[PDB]
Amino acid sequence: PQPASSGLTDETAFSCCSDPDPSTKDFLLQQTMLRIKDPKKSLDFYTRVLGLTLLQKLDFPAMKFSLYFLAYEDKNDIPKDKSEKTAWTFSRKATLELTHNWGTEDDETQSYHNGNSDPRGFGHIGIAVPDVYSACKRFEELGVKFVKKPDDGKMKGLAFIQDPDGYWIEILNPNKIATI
């Protein structure tokens, strides 16, 4: 009888992995896109609370939306010229593309779905920090909403907070994950 799923063994998982085709050698994971209801709240949260930098604001009037690219970069590295700024922004690794469909911030019946309740899909973005505890102590002092405090529940030492739209953000210390 078909065994109940126990997931994959490490051997089977790596057995399904192919080495990269030479044609993909320069590919890079550039962005994760999330739709946001109110850029005023989101920009304040990602820059003031999390410390990211707004790289570029792109407006598409014909389509009634704007894109806000945030990333952990030094503001002084951002080229000034719009064309120069654009090519740099899109070649940075690990950016967050926040999509603002005009008008949602004034529509009291509108809200986006964070992927963690029916129907599920996307789960969270995650930020590596040197100390989850001191980072979360500061988030508490700043009124950040928590999904999981570091010492609460499962996986102690790991925390989850949420942004203005309710998207979950994992806060982790890379050097302590191994000891759960």
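All residue numbers are counted from 1 along the displayed sequence.
S.K.: Quick one: higher average CA temperature factor, 127-135 or 143-151?
M.R.: Averaging CA B-factors over each stretch, the winner is 143-151.
S.K.: When the Cα temperature factors in the entry are averaged, is it 162-170 or 12-20 that ends up higher?
M.R.: 12-20 has the higher mean C-alpha B-factor.
S.K.: Hey, what third does residue 34 fall into on Cα B-factor, ranked over its chain?
M.R.: Residue 34: CA B-factor falls in the lowest third of its chain.
S.K.: Can you tell me which third, lowest, middle or highest, the CA B-factor of residue 58 falls into for its chain?
M.R.: For residue 58, whose C-alpha B-factor we compare with every modelled residue in the chain, the answer is the middle third.
S.K.: By the recorded C-alpha temperature factor, relative to the other modelled residues in its chain, which third is residue 104 in?
M.R.: Ranked within chain, residue 104 CA B lands in the middle tercile.
S.K.: Thinking about Cα B factors across the chain, which third does residue 87 belong to?
M.R.: Top third by C-alpha B-factor.
S.K.: Once the chain's modelled residues are ordered by C-alpha B factor and cut into thirds, is residue 94 in the lowest, middle or highest one?
M.R.: Lowest third - that is where residue 94 ends up once the chain's C-alpha B-factors are sorted.
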